[PDB]
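Presented below is the structure to which this report refers.
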Amino acid sequence: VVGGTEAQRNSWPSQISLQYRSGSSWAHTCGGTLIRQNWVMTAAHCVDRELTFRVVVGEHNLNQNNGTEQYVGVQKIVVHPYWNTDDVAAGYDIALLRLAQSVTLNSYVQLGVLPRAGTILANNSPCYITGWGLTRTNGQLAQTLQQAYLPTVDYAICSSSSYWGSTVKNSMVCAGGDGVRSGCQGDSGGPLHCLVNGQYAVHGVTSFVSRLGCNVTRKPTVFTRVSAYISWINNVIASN
Ligand SMILES: [Ca+2]
């Protein structure tokens, strides 16, 4: 997250860190949202690589013991069947991870609330992106979980020529684009939390930013629109 502020450690208890094994250690690669005690929602592109993955719930500082983490292996990966790694702009950038164990819920570990199917946010709706992604374009991961206020940009604006044009689809949510605050590499897969009827819900799965840079004016961060995939999500969980 570029232009973030450090999150309070119990603000976003559905945020997870998706990590891969690298030598004698683990490396953060993406975010995700805990949606069942044994299921995480992330981006398809995050699991394109044949890697060994684990999820960390209850995480705040990637580099320090927080006293709240739970570590769990990824047992099954279900990518959306229409995802094409060649074509992030086509959409379908969503995947579900069944965890090897069920995690225990507490003020640091909670399920993310998903929107009702079909919900579209009005332009300029209040949302926060969260994650441990780069804090500058071509920078380094954050140590502590960051949040940034990113107001939505509706489809009509976001798919205009000055913004993303043809690249954005109605199966996506755009947020931000102010040139200061954005998602960045390592935020992919995590949530976009939007306040609706007094309740935050996870409306987006972080998908992509401009090839120019993370925080680019009129290139809002682009998210998979969770509310387009409610039936898909439920179908996967019920058949696994
Ligand atoms: Ca930690």
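Ordering of the structure tokens sets the chain letters (A, B, ...); residue numbers start at 1 within each chain; ligands are numbered from 1 in the order shown.
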
Could you list, as a CSV table (one decimal) with N, CA, C and O atoms, in the first residue's frame, all protein and nucleic acid residues with an atom at most 7 Å from ligand 1, counting only C-alpha atoms and all ligand atoms?
```
chain,number,residue,atom,x,y,z
A,59,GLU,N,-2.1,-11.9,11.8
A,59,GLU,CA,-0.8,-11.3,11.5
A,59,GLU,C,-0.9,-9.8,11.5
A,59,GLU,O,-1.9,-9.2,11.0
A,60,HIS,N,0.1,-9.1,12.1
A,60,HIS,CA,0.2,-7.7,12.0
A,60,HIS,C,1.6,-7.2,11.5
A,60,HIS,O,1.6,-6.4,10.6
A,61,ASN,N,2.6,-7.7,12.1
A,61,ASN,CA,4.0,-7.4,11.7
A,61,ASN,C,4.7,-8.6,11.1
A,61,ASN,O,4.8,-9.6,11.8
A,62,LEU,N,5.0,-8.6,9.8
A,62,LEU,CA,5.6,-9.8,9.2
A,62,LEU,C,6.9,-10.2,9.7
A,62,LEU,O,7.3,-11.3,9.5
A,63,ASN,N,7.6,-9.2,10.4
A,63,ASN,CA,9.0,-9.4,10.8
A,63,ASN,C,9.1,-9.6,12.3
A,63,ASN,O,10.2,-9.7,12.8
A,64,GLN,N,8.0,-9.6,13.1
A,64,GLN,CA,8.0,-9.7,14.6
A,64,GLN,C,6.9,-10.6,15.1
A,64,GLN,O,5.9,-10.6,14.5
A,65,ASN,N,7.2,-11.3,16.2
A,65,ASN,CA,6.2,-12.0,16.9
A,65,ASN,C,5.1,-11.1,17.4
A,65,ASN,O,5.4,-10.3,18.3
A,66,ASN,N,3.9,-11.2,17.0
A,66,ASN,CA,2.8,-10.4,17.5
A,66,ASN,C,2.1,-11.1,18.7
A,66,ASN,O,1.2,-10.5,19.3
A,69,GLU,N,-0.6,-14.8,15.9
A,69,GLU,CA,-0.6,-15.4,14.7
A,69,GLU,C,-1.1,-16.9,14.8
A,69,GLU,O,-0.7,-17.6,15.8
```

Can you tell me, as an mmCIF file with N, CA and C atoms, in the first residue's frame, what residues are no more than 9 Å from residue 117 in chain A when counting only C-alpha atoms, ignoring any on the same chain fewer than 5 positions away?
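Result file is part.cif:
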```
data_model
loop_
_atom_site.group_PDB
_atom_site.id
_atom_site.type_symbol
_atom_site.label_atom_id
_atom_site.label_comp_id
_atom_site.auth_asym_id
_atom_site.auth_seq_id
_atom_site.Cartn_x
_atom_site.Cartn_y
_atom_site.Cartn_z
ATOM 1 N N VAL A 226 -16.241 -8.726 -5.645
ATOM 2 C CA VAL A 226 -16.683 -9.882 -4.901
ATOM 3 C C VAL A 226 -18.161 -10.187 -5.172
ATOM 4 N N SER A 227 -18.985 -9.149 -5.261
ATOM 5 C CA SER A 227 -20.433 -9.363 -5.380
ATOM 6 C C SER A 227 -20.811 -9.974 -6.720
ATOM 7 N N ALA A 228 -19.906 -10.070 -7.671
ATOM 8 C CA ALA A 228 -20.148 -10.805 -8.908
ATOM 9 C C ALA A 228 -19.910 -12.287 -8.786
ATOM 10 N N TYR A 229 -19.327 -12.725 -7.666
ATOM 11 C CA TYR A 229 -18.869 -14.084 -7.529
ATOM 12 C C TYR A 229 -19.490 -14.794 -6.350
ATOM 13 N N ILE A 230 -20.571 -14.300 -5.736
ATOM 14 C CA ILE A 230 -21.125 -14.921 -4.560
ATOM 15 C C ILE A 230 -21.559 -16.354 -4.864
ATOM 16 N N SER A 231 -22.291 -16.584 -5.955
ATOM 17 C CA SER A 231 -22.703 -17.944 -6.240
ATOM 18 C C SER A 231 -21.543 -18.877 -6.499
#
```

Range 86-121 of chain A residues near range 151-173 of chain A within 8 Å, closest pair each, using only C-alpha atoms, as a tab-separated table:
```
residue	atom	partner	partner_atom	distance
A:89	CA	A:167	CA	5.3
A:90	CA	A:169	CA	7.3
A:91	CA	A:171	CA	6.8
A:92	CA	A:171	CA	7.9
A:121	CA	A:152	CA	7.4
```

Strand (DSSP E or B) per DSSP on the backbone: members of range 10-70 of chain A, as a PyMOL selection string: chain A and resi 15-22+25-36+39-42+53-57+61+70

Could you write those residues out with N, CA and C atoms, as an mmCIF file, in the first residue's frame?
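What landed in part-v4.cif:
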```cif
data_model
loop_
_atom_site.group_PDB
_atom_site.id
_atom_site.type_symbol
_atom_site.label_atom_id
_atom_site.label_comp_id
_atom_site.auth_asym_id
_atom_site.auth_seq_id
_atom_site.Cartn_x
_atom_site.Cartn_y
_atom_site.Cartn_z
ATOM 1 N N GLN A 15 -8.121 -10.014 7.316
ATOM 2 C CA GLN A 15 -6.951 -9.965 6.452
ATOM 3 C C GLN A 15 -6.029 -11.101 6.785
ATOM 4 N N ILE A 16 -5.497 -11.786 5.744
ATOM 5 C CA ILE A 16 -4.504 -12.819 5.921
ATOM 6 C C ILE A 16 -3.280 -12.447 5.086
ATOM 7 N N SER A 17 -2.145 -13.077 5.461
ATOM 8 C CA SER A 17 -0.929 -13.042 4.678
ATOM 9 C C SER A 17 -0.750 -14.417 4.001
ATOM 10 N N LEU A 18 -0.679 -14.414 2.692
ATOM 11 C CA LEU A 18 -0.411 -15.618 1.897
ATOM 12 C C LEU A 18 1.085 -15.632 1.609
ATOM 13 N N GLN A 19 1.747 -16.719 2.012
ATOM 14 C CA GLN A 19 3.179 -16.803 1.978
ATOM 15 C C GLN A 19 3.576 -18.077 1.261
ATOM 16 N N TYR A 20 4.746 -18.034 0.642
ATOM 17 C CA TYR A 20 5.301 -19.228 0.000
ATOM 18 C C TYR A 20 6.630 -19.598 0.613
ATOM 19 N N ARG A 21 6.914 -20.876 0.513
ATOM 20 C CA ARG A 21 8.147 -21.402 1.084
ATOM 21 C C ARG A 21 9.293 -20.990 0.170
ATOM 22 N N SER A 22 10.319 -20.465 0.820
ATOM 23 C CA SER A 22 11.509 -20.091 0.037
ATOM 24 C C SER A 22 12.735 -20.378 0.898
ATOM 25 N N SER A 25 12.752 -20.544 4.858
ATOM 26 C CA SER A 25 11.856 -19.538 5.374
ATOM 27 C C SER A 25 10.608 -19.463 4.522
ATOM 28 N N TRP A 26 9.800 -18.479 4.865
ATOM 29 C CA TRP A 26 8.550 -18.142 4.249
ATOM 30 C C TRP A 26 8.578 -16.686 3.801
ATOM 31 N N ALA A 27 7.997 -16.405 2.650
ATOM 32 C CA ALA A 27 7.961 -15.050 2.105
ATOM 33 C C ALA A 27 6.517 -14.639 1.851
ATOM 34 N N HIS A 28 6.122 -13.492 2.337
ATOM 35 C CA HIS A 28 4.829 -12.921 1.983
ATOM 36 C C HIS A 28 4.783 -12.663 0.498
ATOM 37 N N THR A 29 3.705 -13.067 -0.140
ATOM 38 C CA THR A 29 3.489 -12.759 -1.527
ATOM 39 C C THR A 29 2.168 -12.022 -1.822
ATOM 40 N N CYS A 30 1.155 -12.260 -1.068
ATOM 41 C CA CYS A 30 -0.171 -11.706 -1.401
ATOM 42 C C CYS A 30 -0.972 -11.620 -0.118
ATOM 43 N N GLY A 31 -2.072 -10.871 -0.214
ATOM 44 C CA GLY A 31 -3.087 -10.886 0.801
ATOM 45 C C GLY A 31 -4.180 -11.899 0.466
ATOM 46 N N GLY A 32 -5.151 -11.917 1.369
ATOM 47 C CA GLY A 32 -6.368 -12.695 1.207
ATOM 48 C C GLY A 32 -7.326 -12.285 2.300
ATOM 49 N N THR A 33 -8.550 -12.831 2.204
ATOM 50 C CA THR A 33 -9.600 -12.607 3.180
ATOM 51 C C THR A 33 -10.048 -13.937 3.696
ATOM 52 N N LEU A 34 -10.066 -14.117 5.015
ATOM 53 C CA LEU A 34 -10.620 -15.318 5.626
ATOM 54 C C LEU A 34 -12.133 -15.258 5.466
ATOM 55 N N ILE A 35 -12.759 -16.219 4.827
ATOM 56 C CA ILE A 35 -14.186 -16.180 4.614
ATOM 57 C C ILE A 35 -14.910 -17.343 5.299
ATOM 58 N N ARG A 36 -14.216 -18.421 5.665
ATOM 59 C CA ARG A 36 -14.724 -19.466 6.537
ATOM 60 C C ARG A 36 -13.521 -19.795 7.453
ATOM 61 N N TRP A 39 -11.449 -21.473 4.923
ATOM 62 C CA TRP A 39 -11.377 -21.009 3.534
ATOM 63 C C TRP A 39 -10.916 -19.550 3.455
ATOM 64 N N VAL A 40 -9.995 -19.311 2.524
ATOM 65 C CA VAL A 40 -9.526 -17.958 2.240
ATOM 66 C C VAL A 40 -9.843 -17.630 0.783
ATOM 67 N N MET A 41 -10.276 -16.377 0.566
ATOM 68 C CA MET A 41 -10.468 -15.793 -0.738
ATOM 69 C C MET A 41 -9.266 -14.966 -1.111
ATOM 70 N N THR A 42 -8.678 -15.182 -2.265
ATOM 71 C CA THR A 42 -7.546 -14.411 -2.763
ATOM 72 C C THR A 42 -7.701 -14.237 -4.262
ATOM 73 N N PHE A 53 2.298 -23.007 -0.372
ATOM 74 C CA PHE A 53 1.698 -21.845 0.273
ATOM 75 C C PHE A 53 1.272 -22.155 1.696
ATOM 76 N N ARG A 54 1.322 -21.132 2.528
ATOM 77 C CA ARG A 54 0.699 -21.156 3.837
ATOM 78 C C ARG A 54 -0.046 -19.826 4.011
ATOM 79 N N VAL A 55 -1.029 -19.862 4.878
ATOM 80 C CA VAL A 55 -1.767 -18.678 5.313
ATOM 81 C C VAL A 55 -1.411 -18.368 6.741
ATOM 82 N N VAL A 56 -1.266 -17.088 7.004
ATOM 83 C CA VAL A 56 -1.099 -16.598 8.367
ATOM 84 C C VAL A 56 -2.286 -15.700 8.664
ATOM 85 N N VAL A 57 -3.048 -16.080 9.690
ATOM 86 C CA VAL A 57 -4.123 -15.258 10.241
ATOM 87 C C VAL A 57 -3.621 -14.632 11.528
ATOM 88 N N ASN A 61 2.649 -7.739 12.098
ATOM 89 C CA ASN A 61 4.017 -7.404 11.684
ATOM 90 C C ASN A 61 4.673 -8.625 11.087
ATOM 91 N N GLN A 70 -1.751 -17.382 13.756
ATOM 92 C CA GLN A 70 -1.949 -18.812 13.529
ATOM 93 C C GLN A 70 -1.451 -19.092 12.108
#
```

Point-to-point distance in Å for CA of residue 150 in chain A and CA of residue 82 in chain A: 27.9 Å

Atom-to-atom span, CA of residue 144 in chain A and CA of residue 50 in chain A, Å: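 We find that CA of residue 144 in chain A and CA of residue 50 in chain A lie 27.2 Å from each other.
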
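Using only C-alpha atoms, the shortest contact distance between residue 112 in chain A and any of A:45, A:13, A:67, A:216 is found at A:13.
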
Nearest candidate to residue 187 in chain A (options A:206, A:199, A:146, A:24; using only C-alpha atoms):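 The closest residue to residue 187 in chain A is A:206.
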
Those in range 18-228 of chain A with alpha helix (DSSP H) from DSSP, as a count of residues only: 4

Spatial neighbours of residue 200 in chain A, 9 Å, only C-alpha atoms, chain gap at least 5 places, as a PyMOL selection string: chain A and resi 112-114+127+193-195

Hey, could you make a per-residue contact list for range 134-185 of chain A against range 2-5 of chain A with 12 Å as the cut-off, showing the nearest pair of atoms and its distance in Å to one decimal, counting only C-alpha atoms, sorted by chain and number, as JSON lines?
```
{"residue": "A:134", "atom": "CA", "partner": "A:2", "partner_atom": "CA", "distance": 6.7}
{"residue": "A:135", "atom": "CA", "partner": "A:2", "partner_atom": "CA", "distance": 4.3}
{"residue": "A:136", "atom": "CA", "partner": "A:2", "partner_atom": "CA", "distance": 5.2}
{"residue": "A:137", "atom": "CA", "partner": "A:2", "partner_atom": "CA", "distance": 7.5}
{"residue": "A:138", "atom": "CA", "partner": "A:2", "partner_atom": "CA", "distance": 10.6}
{"residue": "A:139", "atom": "CA", "partner": "A:2", "partner_atom": "CA", "distance": 9.4}
{"residue": "A:140", "atom": "CA", "partner": "A:2", "partner_atom": "CA", "distance": 10.3}
{"residue": "A:141", "atom": "CA", "partner": "A:2", "partner_atom": "CA", "distance": 10.0}
{"residue": "A:142", "atom": "CA", "partner": "A:2", "partner_atom": "CA", "distance": 9.5}
{"residue": "A:143", "atom": "CA", "partner": "A:5", "partner_atom": "CA", "distance": 12.0}
{"residue": "A:144", "atom": "CA", "partner": "A:5", "partner_atom": "CA", "distance": 9.5}
{"residue": "A:145", "atom": "CA", "partner": "A:5", "partner_atom": "CA", "distance": 8.5}
{"residue": "A:146", "atom": "CA", "partner": "A:5", "partner_atom": "CA", "distance": 5.4}
{"residue": "A:147", "atom": "CA", "partner": "A:4", "partner_atom": "CA", "distance": 5.1}
{"residue": "A:148", "atom": "CA", "partner": "A:4", "partner_atom": "CA", "distance": 4.5}
{"residue": "A:149", "atom": "CA", "partner": "A:4", "partner_atom": "CA", "distance": 7.8}
{"residue": "A:150", "atom": "CA", "partner": "A:4", "partner_atom": "CA", "distance": 10.0}
{"residue": "A:176", "atom": "CA", "partner": "A:3", "partner_atom": "CA", "distance": 11.0}
{"residue": "A:177", "atom": "CA", "partner": "A:2", "partner_atom": "CA", "distance": 11.4}
{"residue": "A:178", "atom": "CA", "partner": "A:3", "partner_atom": "CA", "distance": 10.3}
{"residue": "A:179", "atom": "CA", "partner": "A:3", "partner_atom": "CA", "distance": 9.4}
{"residue": "A:180", "atom": "CA", "partner": "A:3", "partner_atom": "CA", "distance": 5.8}
{"residue": "A:181", "atom": "CA", "partner": "A:3", "partner_atom": "CA", "distance": 4.4}
{"residue": "A:182", "atom": "CA", "partner": "A:2", "partner_atom": "CA", "distance": 5.2}
{"residue": "A:183", "atom": "CA", "partner": "A:2", "partner_atom": "CA", "distance": 6.2}
{"residue": "A:184", "atom": "CA", "partner": "A:2", "partner_atom": "CA", "distance": 6.6}
{"residue": "A:185", "atom": "CA", "partner": "A:2", "partner_atom": "CA", "distance": 9.8}
```

Generate a file of the selected residues that holds N, CA, C and O atoms, formatted as a tab-separated table (two decimals), in the first residue's frame.
```
chain	number	residue	atom	x	y	z
A	134	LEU	N	4.09	-3.31	-1.29
A	134	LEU	CA	5.09	-2.27	-1.40
A	134	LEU	C	4.51	-0.95	-0.97
A	134	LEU	O	3.39	-0.60	-1.28
A	135	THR	N	5.38	-0.18	-0.30
A	135	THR	CA	4.98	1.15	0.16
A	135	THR	C	5.31	2.27	-0.82
A	135	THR	O	4.91	3.40	-0.58
A	136	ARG	N	6.05	1.93	-1.87
A	136	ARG	CA	6.32	2.82	-3.00
A	136	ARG	C	6.39	1.93	-4.23
A	136	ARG	O	6.77	0.77	-4.12
A	137	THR	N	6.11	2.52	-5.38
A	137	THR	CA	6.38	1.84	-6.64
A	137	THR	C	7.84	1.41	-6.63
A	137	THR	O	8.74	2.19	-6.29
A	138	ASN	N	8.10	0.15	-6.98
A	138	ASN	CA	9.46	-0.41	-6.99
A	138	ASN	C	10.16	-0.31	-5.64
A	138	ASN	O	11.39	-0.31	-5.57
A	139	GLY	N	9.36	-0.34	-4.57
A	139	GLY	CA	9.86	-0.25	-3.22
A	139	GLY	C	9.91	-1.61	-2.56
A	139	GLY	O	10.25	-2.61	-3.21
A	140	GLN	N	9.62	-1.63	-1.28
A	140	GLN	CA	9.70	-2.86	-0.50
A	140	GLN	C	8.39	-3.02	0.27
A	140	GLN	O	7.64	-2.08	0.54
A	141	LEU	N	8.16	-4.30	0.64
A	141	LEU	CA	6.98	-4.63	1.45
A	141	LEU	C	6.98	-3.85	2.75
A	141	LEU	O	8.02	-3.56	3.35
A	142	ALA	N	5.80	-3.57	3.24
A	142	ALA	CA	5.63	-3.05	4.59
A	142	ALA	C	5.91	-4.13	5.61
A	142	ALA	O	5.70	-5.32	5.38
A	143	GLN	N	6.43	-3.75	6.77
A	143	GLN	CA	6.52	-4.67	7.90
A	143	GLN	C	5.17	-4.80	8.60
A	143	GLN	O	4.72	-5.90	8.90
A	144	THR	N	4.48	-3.70	8.86
A	144	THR	CA	3.22	-3.73	9.57
A	144	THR	C	2.09	-3.47	8.60
A	144	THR	O	2.22	-2.75	7.59
A	145	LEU	N	0.93	-4.07	8.86
A	145	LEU	CA	-0.21	-3.97	7.99
A	145	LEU	C	-0.57	-2.51	7.79
A	145	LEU	O	-0.71	-1.73	8.74
A	146	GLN	N	-0.76	-2.13	6.52
A	146	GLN	CA	-1.11	-0.76	6.14
A	146	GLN	C	-2.55	-0.72	5.65
A	146	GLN	O	-3.09	-1.69	5.13
A	147	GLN	N	-3.16	0.47	5.80
A	147	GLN	CA	-4.44	0.76	5.22
A	147	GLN	C	-4.37	2.07	4.43
A	147	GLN	O	-3.62	2.97	4.84
A	148	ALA	N	-5.14	2.20	3.38
A	148	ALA	CA	-5.27	3.47	2.70
A	148	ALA	C	-6.71	3.68	2.29
A	148	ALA	O	-7.38	2.73	1.85
A	149	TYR	N	-7.19	4.91	2.45
A	149	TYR	CA	-8.53	5.30	2.06
A	149	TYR	C	-8.56	5.49	0.55
A	149	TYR	O	-7.88	6.38	0.05
A	150	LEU	N	-9.33	4.65	-0.11
A	150	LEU	CA	-9.46	4.64	-1.57
A	150	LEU	C	-10.96	4.70	-1.93
A	150	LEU	O	-11.59	3.62	-1.92
A	176	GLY	N	-9.62	4.58	-5.74
A	176	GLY	CA	-8.45	5.40	-5.57
A	176	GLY	C	-8.16	6.21	-6.84
A	176	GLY	O	-9.04	6.91	-7.35
A	177	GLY	N	-6.93	6.13	-7.31
A	177	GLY	CA	-6.50	6.92	-8.46
A	177	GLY	C	-6.11	8.33	-8.20
A	177	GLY	O	-5.97	9.10	-9.17
A	178	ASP	N	-5.85	8.69	-6.97
A	178	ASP	CA	-5.50	10.09	-6.67
A	178	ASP	C	-4.02	10.40	-6.89
A	178	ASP	O	-3.65	11.60	-6.73
A	179	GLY	N	-3.19	9.47	-7.26
A	179	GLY	CA	-1.79	9.68	-7.51
A	179	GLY	C	-0.93	9.59	-6.29
A	179	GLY	O	0.30	9.68	-6.38
A	180	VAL	N	-1.53	9.39	-5.11
A	180	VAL	CA	-0.84	9.38	-3.81
A	180	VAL	C	-0.97	8.03	-3.12
A	180	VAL	O	-0.01	7.48	-2.63
A	181	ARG	N	-2.19	7.50	-3.07
A	181	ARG	CA	-2.52	6.30	-2.36
A	181	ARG	C	-2.97	5.21	-3.34
A	181	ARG	O	-3.71	5.48	-4.27
A	182	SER	N	-2.54	3.97	-3.07
A	182	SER	CA	-2.90	2.86	-3.95
A	182	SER	C	-2.53	1.53	-3.31
A	182	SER	O	-1.76	1.51	-2.35
A	183	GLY	N	-3.03	0.48	-3.95
A	183	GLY	CA	-2.39	-0.81	-3.75
A	183	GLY	C	-1.07	-0.88	-4.48
A	183	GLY	O	-0.76	-0.06	-5.35
A	184	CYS	N	-0.28	-1.90	-4.16
A	184	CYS	CA	0.97	-2.11	-4.87
A	184	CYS	C	1.32	-3.60	-4.77
A	184	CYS	O	0.61	-4.39	-4.13
A	185	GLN	N	2.45	-4.02	-5.37
A	185	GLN	CA	2.77	-5.42	-5.40
A	185	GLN	C	2.82	-5.97	-3.99
A	185	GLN	O	3.40	-5.35	-3.07
```

Nearest to residue 218 in chain A, chosen from A:175, A:240, A:202, A:52, with only C-alpha atoms counted in the distances: A:175

Between CA of residue 118 in chain A and CA of residue 235 in chain A - distance in Å to one decimal: 16.2 Å
